[PDB]
Amino acid sequence: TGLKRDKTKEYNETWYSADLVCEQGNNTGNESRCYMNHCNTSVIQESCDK
Amino acid sequence: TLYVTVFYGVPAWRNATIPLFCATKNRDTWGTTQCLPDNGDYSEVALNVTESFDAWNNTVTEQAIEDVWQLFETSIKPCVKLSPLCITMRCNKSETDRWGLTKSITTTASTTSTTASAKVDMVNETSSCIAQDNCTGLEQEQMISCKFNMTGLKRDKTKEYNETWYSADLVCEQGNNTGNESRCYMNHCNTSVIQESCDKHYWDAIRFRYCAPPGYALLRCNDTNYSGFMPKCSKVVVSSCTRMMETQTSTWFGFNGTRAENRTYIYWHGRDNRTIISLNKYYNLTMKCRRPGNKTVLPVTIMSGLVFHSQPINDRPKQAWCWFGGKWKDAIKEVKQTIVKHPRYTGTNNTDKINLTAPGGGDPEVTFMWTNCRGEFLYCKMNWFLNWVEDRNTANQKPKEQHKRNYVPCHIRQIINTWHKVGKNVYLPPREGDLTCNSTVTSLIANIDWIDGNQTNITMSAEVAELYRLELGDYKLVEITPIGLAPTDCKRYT
Amino acid sequence: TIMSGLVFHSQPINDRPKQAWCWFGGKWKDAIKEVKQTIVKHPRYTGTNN
Amino acid sequence: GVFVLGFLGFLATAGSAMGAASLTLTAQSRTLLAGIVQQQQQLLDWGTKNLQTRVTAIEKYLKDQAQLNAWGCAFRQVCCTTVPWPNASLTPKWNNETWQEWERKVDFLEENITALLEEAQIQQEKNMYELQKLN
Amino acid sequence: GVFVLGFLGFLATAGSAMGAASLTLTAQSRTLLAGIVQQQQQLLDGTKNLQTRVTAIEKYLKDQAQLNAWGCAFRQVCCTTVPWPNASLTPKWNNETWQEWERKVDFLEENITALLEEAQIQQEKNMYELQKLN
Amino acid sequence: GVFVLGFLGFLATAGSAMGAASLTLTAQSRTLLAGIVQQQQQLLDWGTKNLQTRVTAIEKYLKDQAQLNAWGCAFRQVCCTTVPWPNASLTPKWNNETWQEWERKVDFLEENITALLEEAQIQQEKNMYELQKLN
């Protein structure tokens, strides 16, 4: 959800192979649950300057 | 033969660009942290030398604009952030329709006649115009009320409150909704988070001198013919520190100026048609502004331990207005006469063809006026004051502008950007109780526009920073170089 | 935009391009042998000379 | 105030011509004598209050004094030097010429004069050491 | 330590009488000589910042400039043309410490400084005129 | 540049022997002339930039002057002192020894010599003025 804290807005971001970890299990849905590579250890910043 | 010789203590100088120490008198919180307490000396010594001075290309002038803005940045940095309150607020449909935010008007609009009589009303303090508002009409209402939840510090439960914005502080989502509640957001909460002004800034006048560090002196051009680009001063006076300076920001005018004088001198920016005019302190050009209805403020806590000052008042007083007063029309005409004789301005000399008019509308920033007094800003149409000052044919736009009056209507905006440098957006808390602010007009912001040999305009401009160029326009900063090299036949010897 | 007034860049590309690669180039094999020869004659390195 | 007039008294000679101008040594010393006093006063109770210019106030003093120490003319109103004058057309008019009016005319070659005299003092400095070593 | 006693050795003169008082040069010079060394030591590895570090520098240049301001640098006793103020306050060189009399003159000390500053300028101006003449 | 050559000229004689070396006074004074303007130039437009080391340049300069003036030999290439030489085994070789080389040999006893002179200057300081007080 964006700055207007009253509604949602779906995007898609296309990651790479070496920047995701996916849950392994018996799920059959075509959707695969995955998280960012390193967001469960620390908060990551953006190389935001040039 | 001749040999080089070194002399120390020679009184010479040169241009320089160094920061300056600020000194202030009424330091509620800004003293001992950024500015020293004042000394209280203003003696100056005249020198029989000539030096060049500029009001726009001056280091002191440029720094003053930076320092005021820089000072304001530190004040709002620790204050609270209003990010949470950017949520849909239920609002009274019958009340937003009246001011046209929704623009949902159907049928109605019955025909009515216009009396078109008299409309030369004038007011002075003895009358009942001041006491009760009530001044010929057109001062009716300005308010809107809404609701929001805003769970507080205890992040487990909500508590619905009410806050009443103004017309120019909300943007509403038009739709085919028949419900009596009109969903409507804040003005600029989807662009950048706005932080309050939870301080005493804008609640009291700010003055502070400028003192150069040791080894640097300030020079002032005391010639009465100073215009801004004159590099030959017959009279020049050295000083240790500058005079006071008012830090009030306004459009079309400058209030509480310290450089008021019996003469209507004009400061001209020779490089183009940028201009500022100083009025006279002989006509008592005082102006008083009032807003009715004594207000209540109910602080509300958000999930940061800080407080958001709301206005749950349900009263509906008349909108703010100002009546100026004093001898105006006789005062203005002297400005036009001065322009004729001033150097430059190779234009017409017909006094009753040079006319003072507002710019061509467009953005609300330049269309309206803007005056700040004791924390609550006011913007006013100013059409009537312009209409009455010149006594022009009242065929201007709709019938609402037909009248010639000494007072003008105003409204309140609370989501205001600091006009000083570029932008931003801040929230000004509302003052409890009634406000009545009185001030003396002592300057004029105007760009003089004329393309042909006829019909020159004294066009107003909305450059707030131009005021600071009148306070220290004649000041120059010079670095002292006490080293002097001249020839001498004497040799070092042994 | 996120709930801080700031922006997070994203890559919504859907087309699939060829993977990245680098091809070096230039006379390289002749270079590394000179590096090998220098180590042989370098002081220290009490090691083989073949 | 006395300090205000005292700090502004140095420039009172700016209107006079070079020949009739009265020099004022110690002016910079007196300038910094009370500057710290004003800064110190009421201080007991971004760079303006901080050291953006306070060091610059110190820096201006040391530069000027170190300038004299480098040239070996400290604590002297006038020091004759062995260096000759440059191109002589720019002759000061000691009757009807202010210091400032002429400092700008020589400003064009001021930088070159600085370099020339610095080398001269070193050469004289070298001579002094040789004489002392001899004896 | 030697420095500790050295900084604390000057004040030993306090008990001594004015006439028997031993004037000491280098009192401030040596104090800043080692204080910078003390803070410099282990610094390689406000109080730490320049809140007060320059204040020592400011204090040093204050007295050094004052000596140069009066044109008496490095002269334990420089005679000046200034005449003495009110003669009621006369030092008792036999049984008076420096501070027992310094406080009494402190009331008029400011005027002496202001009066003496003008006197140096007058003498200063004479030197330039004599040098210019010849 | 002249400044680059000028500032680096101090070590130009570092290779020379003790006697043949030409001492260079004003090295700190001349350096403070041109080093500071490098910082000042274009500054008009954390620690290294503003105040951590900028003052350290000032602190370094005052140390030499304070150290010099505490010993009472400022503005003098050579001043004779009353203090006798310490253990004489470290006799300088005026023909085939460099200043820094010989300085490293004295560094062991450098600290002790410093203390002896400071006390010695105090004694002369007490005597020199007391004679003026005497007569």
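Side notes on the structure shown:
Which chain is which? They are A, B, C, D, E and F, in the order written, and residues in each are numbered from 1.
Going forward, contacts are C-beta pairs under 8 Å (C-beta built on N, C-alpha and C of every residue); 3 or more make two chains touch, one makes a residue touch a chain.
The interface carrying the most C-beta pairs in contact is the one between chains B-D.
Centre-to-centre separation between subunit B and subunit F, using Cα means, comes to 59 Å. Between the Cα centres of subunit A and subunit B there is a gap of 48 Å.
Averaged Cα coordinates give subunit B a centre that lies 45 Å from the centre of subunit D. Each of residues 23-26, 32, 36, 51-52, 54-55, 58, 61, 67, 77-78 in subunit D touches at least two other chains. For subunit C, the set of residues touching two or more other chains reads 3-5. Remark: the chains found to touch one another pair up as A-B, A-C, B-C, B-D, D-E, D-F, E-F. For subunit D in complex with subunit B, the touching residues are 1, 4-5, 7-15, 18, 21, 23-28, 31-32, 34-36, 38-39, 42-43, 45-49, 52-54, 56-57, 60-61, 64, 67-68, 71, 73, 76-86, 88, 91-92, 98-100, 102-103, 106, 110, 113, 116-117, 124. Here subunit A touches subunit B in the complex through residues 3-6, going by the rule given at the top. Across the complex, subunit E is touched by residues 2, 6, 22-26, 29-30, 32-33, 36, 40, 51, 54-55, 58, 61, 75, 77-78 of subunit D. Residues 3-5 of subunit C touch subunit B in their complex. Note for the complex: subunit F touches subunit E at residues 51, 55, 58-59, 62-63, 66-67, 69-70, 72, 115, 118, 121-122, 125-126, 129-130, 132-133.
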